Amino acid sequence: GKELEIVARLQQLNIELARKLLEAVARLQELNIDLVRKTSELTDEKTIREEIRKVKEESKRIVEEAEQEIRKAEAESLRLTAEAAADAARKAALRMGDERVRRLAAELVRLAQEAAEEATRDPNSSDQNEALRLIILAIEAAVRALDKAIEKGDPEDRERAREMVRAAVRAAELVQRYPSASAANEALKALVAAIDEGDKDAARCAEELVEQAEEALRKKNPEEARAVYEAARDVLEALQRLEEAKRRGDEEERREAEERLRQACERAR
């Protein structure tokens, strides 16, 4: 279906990007051989130095244009991944049945479209590129929650999916309006790690950090935004360690990482 279409388009970008990288390598090589030829033939030091500077200026321009093509190829790749993830979000919302979760997933399609369209307009912006990455990770976490809700029909899992899909929409409009915000950037990642864990205490704690960063970004108090980031940083690290201790380990640090997330959310509420 649509999955094969994206792989076909992403592969065209890789072939085209590798084609342009070789184009830059080929041009830089022509300049070197031409410079060595002129340096060995000419005797005027003034002309030799000017031939060297124009090659160094052109070589620096060749590299910059190649960084631009990689920049545009990355935004085009992130645009295809965002649309594919949003398309997966709406179909999973259909397989649930709730018209309310269908309205929530419909906004993610609108959020993914608008954020990916602005990144492709000016890929040189690093904030619009990173904000689109986290929105993609938020949609992926929402899709993983929706797919789990339709496995056994557990009413807690279905409500778990609704609360975290709506929270993903919340932690998406925030980074869309404030891409350069480190507090909103970290509270989103803490929610993605809290969605995959499935803990009710971790989901309500991550969303509270999103609202704290939202209110701190309503006004323009920089000391207020930095406090939410440090609170969201320790929460995110506690969830990543809890995921490592559950996948492997010997249950020793697994109980230790629980109190890490518990104490981190304690001083944040």
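Heads up: residue numbers just count along the shown sequence, starting at 1.
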Checklist entry - If you average the Cα B factors in the entry, which is higher, 18-26 or 249-257? => result 249-257
Item to check | Of 84-92 and 180-188, the one with larger mean CA B-factor | outcome: 180-188
Checklist outcome for this item: Among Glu76, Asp122, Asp147, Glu140, highest Cα B-factor in the entry goes to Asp122
Item to check | Highest-ranked of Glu211, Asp44, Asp34, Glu65 once sorted by CA temperature factor in the record | outcome: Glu211
Item to check | Entry-reported Cα temperature factor of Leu111, expressed as the chain third it lands in | outcome: highest
Next on the checklist: Split into thirds by Cα B-factor across the chain's modelled residues, where does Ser40 land: lowest, middle or highest?
Outcome noted: middle
Checklist entry - Relative to the other modelled residues in the chain, which third contains the C-alpha temperature factor of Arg162: lowest, middle or highest? => result middle
Checklist outcome for this item: Of the three thirds of Cα B-factor ranks in this chain, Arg102 occupies the middle
Checklist entry - In terms of the CA temperature factor given in the entry, to which third of its chain does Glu5 belong: lowest, middle or highest? => result lowest
